[PDB]
2 protein chains.
Amino acid sequence: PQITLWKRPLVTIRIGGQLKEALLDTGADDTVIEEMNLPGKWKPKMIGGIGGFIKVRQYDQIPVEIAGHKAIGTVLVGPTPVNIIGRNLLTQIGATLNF
Amino acid sequence: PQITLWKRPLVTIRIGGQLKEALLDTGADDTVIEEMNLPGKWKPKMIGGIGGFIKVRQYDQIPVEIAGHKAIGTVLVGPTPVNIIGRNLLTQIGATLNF
Ligand SMILES: CC(C)CCN(C[C@@H](O)[C@@H]1Cc2ccc(cc2)OCCCC(=O)N[C@@H](C(C)C)C(=O)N1)S(=O)(=O)c1ccccc1
């Protein structure tokens with residue numbers, strides 16, 4: 001599809017068997033999902049943005065379906081105000097910026 | 001042009017007559033530039049991100065050239081980790097997300 005940017009680019013994703021609304025974010029290196037009980041092992045880590053850093057749990061090889069497109073990769077879970085789909089997963093669904 | 005996301009989408013911009021590097025960020029509502037002197041009046045404002053809120057200087061109707069494309073709009077100046085071109089200017093150059 002072609003998504004314009006008049007509004008935040010929010011789409012439906014499926015992760016851990018749940019459907020969520022997430023932002024397609026070309027400015028995010030990683031994918032950050034709002035707090036949820038994903039099973040599996042994880043490693044702690046800190047990611048930073050405008051305002052400072054937050055602590056998150058890093059989960060590897062998690063399957064995520066983005067608007068019907070299947071992907072699988074690292075997902076960081078923590079207290080983010082919004083679900084963010086980063087470049088690590090966008091590259092997998094062949095997303096590009098065009099102008 | 002068509003930009004893929006295996007690397008951060010960094011491009012050269014011209015603002016205040018100066019050249020700088022900025023991230024094309026579909027996840028940013030606004031454009032936030034690192035501290036610098038920009039002619040004209042400005043208003044105090046606060047914006048939030050992953051790690052909380054920061055105080056910025058709001059500059060209105062500033063001409064910014066993004067990879068040869070012209071835009072004129074609001075630019076926020078403050079302590080950001082990187083120069084960010086947000087949706088307010090991306091829509092002016094006709095940027096879209098495609099996949
Ligand atoms: C950009 C750089 C520093 C960091 C990469 N990050 C992606 C950006 O697009 C972030 C993502 C984001 C965060 C919070 C949100 C909405 C979106 O709710 C607030 C809405 C206001 C807004 O639009 N805030 C922008 C601001 C630049 C004007 C912002 O901070 N946007 S990030 O901090 O969230 C990260 C960092 C590391 C790993 C994943 C995500």
Side-chain angles (χ1 to χ4, degrees), chain A residues 3 5-11 13 15 20-35 42 44-60 62 64 66 71 73-92 95 97, chain B residues 3 5-11 13 15 20-35 44 46-60 62 64 66 71 73-92 95 97:
Chain A
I3 299 177
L5 308 165
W6 297 107
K7 298 161 49 197
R8 296 183 172 182
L10 293 168
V11 301
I13 59 169
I15 179 170
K20 295 189 173 301
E21 277 276 315
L23 196 66
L24 271 14
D25 192 347
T26 58
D29 304 325
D30 313 301
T31 291
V32 192
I33 303 294
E34 64 190 327
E35 187 52 59
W42 50 273
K45 74 130 60 189
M46 302 277 272
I47 52 167
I50 276 187
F53 287 67
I54 50 167
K55 305 163 177 185
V56 303
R57 291 176 287 142
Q58 180 188 314
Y59 291 91
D60 299 325
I62 302 294
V64 183
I66 303 152
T74 301
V75 172
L76 309 176
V77 177
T80 173
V82 64
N83 293 310
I84 294 162
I85 296 303
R87 289 188 301 101
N88 69 306
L89 297 191
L90 295 173
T91 49
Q92 288 177 38
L97 268 178
Chain B
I3 300 167
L5 303 167
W6 310 90
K7 298 178 293 301
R8 285 187 174 198
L10 287 170
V11 300
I13 65 172
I15 181 179
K20 280 192 171 185
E21 264 218 328
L23 193 62
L24 300 184
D25 186 359
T26 58
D29 295 340
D30 312 303
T31 291
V32 188
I33 304 296
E34 276 145 42
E35 286 168 59
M46 288 182 74
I47 60 168
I50 271 299
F53 290 70
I54 59 172
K55 298 172 58 179
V56 295
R57 302 207 294 199
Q58 185 184 318
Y59 285 96
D60 294 314
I62 298 297
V64 180
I66 305 156
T74 300
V75 172
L76 309 181
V77 175
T80 170
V82 51
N83 296 317
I84 292 160
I85 300 303
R87 293 187 299 100
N88 70 307
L89 297 177
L90 293 180
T91 53
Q92 293 190 22
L97 271 175

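To find a chain, count down the sequence lines: A is the first, B the second, and so on, and within it residues start at 1. In listed order, ligands and their atoms are each counted from 1. Both backbone and side-chain heavy atoms feed into the values below; hydrogens, waters and symmetry mates do not.
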So salt bridge (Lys or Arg N to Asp or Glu O under 4.0 Å) across residues 79-90 of chain A, not counting sequence neighbours, yields A:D29-A:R87

The reported gap from CD1 in A:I33 to CD1 in A:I15 (rounded to nearest 0.5 angstrom) is 4.5 Å

Rounded to the nearest 0.5 angstrom, the CD1-CG distance for B:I13 and B:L89 is 8.5 Å

Item to check | Audit row: B:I54, B:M46, side chain to side chain contact (heavy atoms under 4.5 Å, CB included) steps and yes/no | outcome: CA-CA 6 Å; B:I54 59 172; B:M46 288 182 74; over 6 Å; no

Within the 4.0 Å heavy-atom cut-off around ligand 1, the contacting residues, ordered by chain and number, are A:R8, A:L23, A:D25, A:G27, A:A28, A:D30, A:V32, A:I47, A:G48, A:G49, A:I50, A:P81, A:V82, A:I84, B:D25, B:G27, B:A28, B:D29, B:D30, B:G48, B:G49, B:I50, B:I84

Of all heavy-atom pairs linking B:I50 and A:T80, the shortest is CD1-OG1, 3.2 Å

Taken to the nearest 0.5 Å, the spacing of B:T31 OG1 from B:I85 CD1 works out to 5.0 Å

